[PDB]
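Chains as they are written, first to last, in PDB author numbering: chain E, 359 to 409; chain L, 2 to 423; chain Y, 477 to 498, 501 to 535; chain A, 848 to 896; chain D, 180 to 184, 203 to 238; chain W, 13 to 46. For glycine and all other residues, C-beta sits at the position ideal for the given N, C-alpha and C.
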Amino acid sequence: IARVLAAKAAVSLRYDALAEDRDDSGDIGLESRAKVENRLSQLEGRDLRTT
Amino acid sequence: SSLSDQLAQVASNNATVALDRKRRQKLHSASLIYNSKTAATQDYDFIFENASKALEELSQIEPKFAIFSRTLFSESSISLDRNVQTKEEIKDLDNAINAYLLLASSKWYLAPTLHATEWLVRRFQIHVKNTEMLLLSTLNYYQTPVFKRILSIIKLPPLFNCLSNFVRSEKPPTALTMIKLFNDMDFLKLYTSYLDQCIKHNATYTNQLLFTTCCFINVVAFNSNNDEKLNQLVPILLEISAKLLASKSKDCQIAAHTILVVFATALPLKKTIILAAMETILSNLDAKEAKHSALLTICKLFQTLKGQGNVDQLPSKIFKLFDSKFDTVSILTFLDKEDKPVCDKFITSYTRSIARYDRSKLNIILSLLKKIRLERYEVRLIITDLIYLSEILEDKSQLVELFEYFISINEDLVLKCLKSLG
Amino acid sequence: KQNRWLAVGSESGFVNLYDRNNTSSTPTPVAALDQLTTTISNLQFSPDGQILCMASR
Amino acid sequence: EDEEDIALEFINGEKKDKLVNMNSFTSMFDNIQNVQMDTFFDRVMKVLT
Amino acid sequence: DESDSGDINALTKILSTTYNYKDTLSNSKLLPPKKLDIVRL
Amino acid sequence: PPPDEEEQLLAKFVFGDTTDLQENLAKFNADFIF
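1) Could you work out which residues of chain E lie near L:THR39, taking near to mean beta carbons separated by less than 7 Å?
2) Looking at chain E, is there any beta carbon in it that lies within less than 9 Å of the beta carbon of L:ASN166?
3) Determine the burial state of L:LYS249: buried for a count of at least 16 other Cβ atoms within 10 Å of its Cβ, exposed for fewer.
4) Which residues in the same chain as L:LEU196 place their Cβ atom closer than 7 Å to its Cβ, once the five residues preceding and following it in sequence are excluded?
5) Counting Cβ pairs, one atom from each stretch, are 3 or more of them under 8 Å apart for the region 341 to 356 of chain L and the region 377 to 387 of chain L?
6) Counting contacts by CB-CB distance shorter than 9 Å, is E:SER390 in contact with chain A?
7) Helix, strand or coil for Y:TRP481 per DSSP?
8) Need the endpoints of the alpha helix (DSSP H) that L:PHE327 sits in, please.
9) Report yes or no: do three or more beta-carbon pairs, one from the region 151 to 169 of chain L and one from the region 37 to 54 of chain L, lie closer than 8 Å?
10) L:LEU56 and L:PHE74 - do their beta-carbons sit closer together than 9 Å?
11) Using the three-state DSSP reduction, which class does L:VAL263 fall into: helix, strand or coil?
12) Against chain E, does L:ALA222 count as a neighbour if the rule is that its beta carbon must be under 9 Å from one of theirs?
13) Quick check: what's the CA-CA separation for W:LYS24 versus L:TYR101?
14) Are at least three pairs of beta-carbons, each pair with one atom in the region 212 to 220 of chain D and one in the region 29 to 40 of chain L, less than 8 Å apart?
15) CB L:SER107 to CB L:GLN209, shorter than 9 Å?
16) Rank L:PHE407, L:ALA247, L:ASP95, L:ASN166 by C-alpha distance to the C-alpha of E:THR408 and give the top, closest one.
17) Going by the CB atoms, is the gap between Y:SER524 and Y:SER534 shorter than 9 Å?
18) Interface residues of chain Y around A:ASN870 at Cβ under 7 Å?
19) Based on Cα-Cα distance, which residue from L:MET279, L:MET186, L:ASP44 lies nearest to residue 1 of chain L?
20) In three-state terms, what does DSSP make of Y:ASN492?
21) For residue 499 of chain Y, which three-state DSSP category applies?
22) Beta carbons nearer than 7 Å to chain D: which residues of the region 211 to 236 of chain L have them?
23) By the criterion of Cβ-Cβ separation under 8 Å, what are the contact partners of E:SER399 in chain A?
24) Counting C-beta neighbours from all protein chains within 10 Å, is the total for L:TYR143 16 or more, i.e. buried, or is it exposed?
25) Chain L partners of W:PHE40, CB-CB under 8 Å?
26) Note down, in chain order, all residues in the region 156 to 185 of chain L with a beta-carbon under 7 Å from any beta-carbon belonging to chain E.
27) List the residues that DSSP assigns as beta-bridge partners of Y:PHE523.
28) How would you call L:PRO269, buried or exposed, if buried means at least 16 neighbouring beta carbons within 10 angstroms?
29) Flag W:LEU21 as yes if its beta-carbon sits less than 9 Å from any beta-carbon of chain L, otherwise no.
30) Taking 8 Å as the cut-off, does the region 361 to 368 of chain L touch the region 390 to 409 of chain L (at least 3 CB pairs, one atom from each stretch)?
31) Taking three-plus beta-carbon pairs below 8 Å as touching, is the region 213 to 223 of chain L in contact with the region 175 to 191 of chain L?
32) On a CA-only basis, which of A:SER874, A:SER871, A:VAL867 is nearest L:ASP228? Give me that one, please.
33) In chain order, which alpha helix (DSSP H) runs of at least 4 residues are fully inside the region 350 to 409 of chain L?
34) According to DSSP, what are the bridge partners of Y:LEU511?
35) Does the region 248 to 268 of chain L come close enough to the region 862 to 877 of chain A that 3 or more CB-CB pairs lie under 8 Å?
36) Per the contact definition of three or more C-beta pairs closer than 8 Å, is the region 17 to 33 of chain W in contact with the region 302 to 316 of chain L?
Written out as structure tokens, the structure is:
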């Protein structure tokens, strides 16, 4: 998650710094947050122990 | 068989006899509220006192709990020991316990159910005897802490073998493993019987239907590749859908709609099954929210049909039922909304149904055709029938207008039907 | 009869499929098949247009 | 005209539908808490479409 | 206790009569999506 | 003479009878509770 979250952090960060007409809404972060949560749920859903 | 194996069977049968002090310590230590050390020190009177108060609070929430104050939570139940009871008496006891687990199924979020249930765990040892019912009622709370406590104090049946690893484990059972448990066919028959009892008793609630639907939907997804295993699922889960449609509760009906749709897209089915499927959907369709979901299901089912008669007219009995539960104005609204799903095959079968059985709605056919674009073959079938109508039925201003509509759109195809017919 | 399908191969193995039935300077492909990994060497449709056989040599 | 052209005209009649795979509904479990049944049934339709 | 001697139970009845619940692919002119019926010569 | 109802209640607690309970369990039919 640290790898996934950091990668999305740069995307959300670059849009913050280099956007000429950024709206103070955080939409890019919010959609980015959804992707990380989806990765988290699938990553956590897996169980190493055999069932 | 070895002597050890037979003794193991003897050990299981006498699991709750409490022969000696050590056996009493294990049986009495099992608890949902207290740790092992404090649990052993407690007395049956103390446990009953808390439960008696707890059941009273539950009775305030729902009056039905008050009945069990007469049978399971009576002062005389303290002296009642299951081992010394005869076979007939135990079955009578199990019926009362099974009924209680249904009421408590929906209130596990409330603390009093945990105190009300502790009496049954300690006194009647349901966690050893009625383990299947307890797990099934609490199956949908699998991510809650209370389910974790249940797994710790419970010996798993053969069918619940997938949950063994999550016994006394920090992580709660994952959603993926819950699919694996439902994947087993024997479990589905077991769950279907339990779900059948809930329908009979009107004991269902939204959380149960949501969780039950997902596992059923997910199971079809996991078996999508295997056509043979899908064929084995059809007798069971469709039979469930028939029961769900029978419930007067609207939430149960919507679940049947959700379940039915996934099979039709997952597996093509005979038009006889699809036709019968509608009749059950429309027979008990009263709630508005069910009516919305149903109409979405009806069109989706036809879309899966891919055989001769794909767009043939509905039977006379079916058409009358559909019109009663869905007036023409309602569908004209359905076709009106821009986000309507693909439903052309149903509209074609519906359109041909109108001509055969109703002459007054012929103006409605013109309105419908404008709203939704039908595919080339479907247009040809409609023109073929309306040509027959003109020869049999009297020529009407609306009838010629429907032709005139086809004259405007794709005039050449109108000749082709006329050439083939006359 | 007019064709309703068009497939465009590629060296990378991608196969873009267009619905000829539905015009613009840039049309969107209906799907981007990428199961094969090598250069696409044969693109053939069934006579009825229901099967596309893509092979790499 | 001929019968085959009718058959081919039917084949062109098909429109693509989204097949159901294993990893199509697994996300449903995540957001299955405190949701009305109708809203859930809509999500099933959306992924199916 | 039991004797045989829109009705809701139509869906249950049709399941009982039919044993093969898949439409015969012979009549359908449109081939199945994921399973191909192919034989070598 | 037969005992009064009050005596029957007291006799139940003194002797710890469970017949009244067991009878209800047999009479317990699930549909009425719902």
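With the structure as the only source:
1) Close to L:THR39, with beta-carbon spacing below 7 Å, lies no residue of chain E; the smallest spacing is near 31 Å.
2) At least one chain E Cβ lies under 9 Å of L:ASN166.
3) By the neighbour-count rule (16 or more Cβ atoms within 10 Å), L:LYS249 is not buried but exposed.
4) Excluding residues within five positions, the ones whose Cβ falls inside 7 Å are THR213, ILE241.
5) Taking one beta carbon from each stretch, the region 341 to 356 of chain L and the region 377 to 387 of chain L have 3 or more pairs nearer than 8 Å; the two touch.
6) Chain A, which has no Cβ nearer than 9 Å to the Cβ of E:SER390, makes this no.
7) In this structure, Y:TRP481 counts as strand in the three-state DSSP scheme.
8) Per DSSP, L:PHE327 lies in no alpha helix (DSSP H) and is assigned neither H nor E.
9) The answer is no - the region 37 to 54 of chain L does not touch the region 151 to 169 of chain L, with fewer than three Cβ pairs under 8 Å.
10) The answer is yes: Cβ separation under 9 Å.
11) In the structure shown, L:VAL263 sits in a helix (DSSP, three-state: H, G or I).
12) Chain E, which has no Cβ nearer than 9 Å to the Cβ of L:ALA222, makes this no.
13) Rounded to the nearest angstrom, the gap between the Cα atoms of W:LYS24 and L:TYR101 is 26 Å.
14) Note that the region 212 to 220 of chain D does not touch the region 29 to 40 of chain L; fewer than 3 beta-carbon pairs, one per stretch, sit closer than 8 Å.
15) Against a cut-off of 9 Å, the Cβ pair of L:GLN209 and L:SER107 comes out as a contact.
16) Comparing Cα positions, the closest option is L:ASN166.
17) Taking C-beta atoms as the reference points, Y:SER534 and Y:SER524 fail to come closer than 9 Å.
18) Result: empty, since nearest Cβ-Cβ is about 17 Å, beyond 7 Å.
19) Since the first residue of chain L shown is 2 and the last is 423, residue 1 of chain L is not available in this structure.
20) In the three-state reduction of the DSSP assignment, Y:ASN492 falls in the strand class.
21) No coordinates are present for residue 499 of chain Y, because the numbering of chain Y runs from 498 directly to 501.
22) Taking 7 Å as the Cβ-Cβ cut-off against chain D, the residues of the region 211 to 236 of chain L that qualify are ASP228, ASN232, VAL235, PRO236.
23) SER874, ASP877, listed in chain order.
24) Counting Cβ neighbours within 10 Å, L:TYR143 comes out buried, since at least 16 surround it.
25) Correct list: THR72, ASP93, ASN96, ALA97, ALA100.
26) When C-beta distances to chain E are compared with 7 Å, the residues of the region 156 to 185 of chain L below that value are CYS163, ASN166, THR175, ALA176, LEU177, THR178, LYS181, in chain order.
27) Under the DSSP definition of a beta bridge, Y:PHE523 partners with Y:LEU530.
28) A residue is called buried when at least 16 other Cβ atoms come within 10 angstroms of its Cβ; L:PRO269 meets this threshold and is buried.
29) It does not: the Cβ of W:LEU21 has no partner Cβ on chain L nearer than 9 Å.
30) Taking a cut-off of 8 Å on C-beta distances, the region 390 to 409 of chain L touches the region 361 to 368 of chain L, as three or more cross pairs fall below it.
31) These segments touch.
32) For L:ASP228, the closest C-alpha among the options A:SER874, A:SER871, A:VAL867 is that of A:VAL867.
33) List check, alpha helix (DSSP H) in window: 363 to 372, 377 to 393, 398 to 409.
34) Bridge partners of Y:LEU511: Y:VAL491.
35) Taking 8 Å as the limit for Cβ pairs, the verdict is that the region 248 to 268 of chain L does touch the region 862 to 877 of chain A.
36) In this structure the region 302 to 316 of chain L does not lie against the region 17 to 33 of chain W, because fewer than three pairs of beta carbons, one per stretch, are closer than 8 Å.
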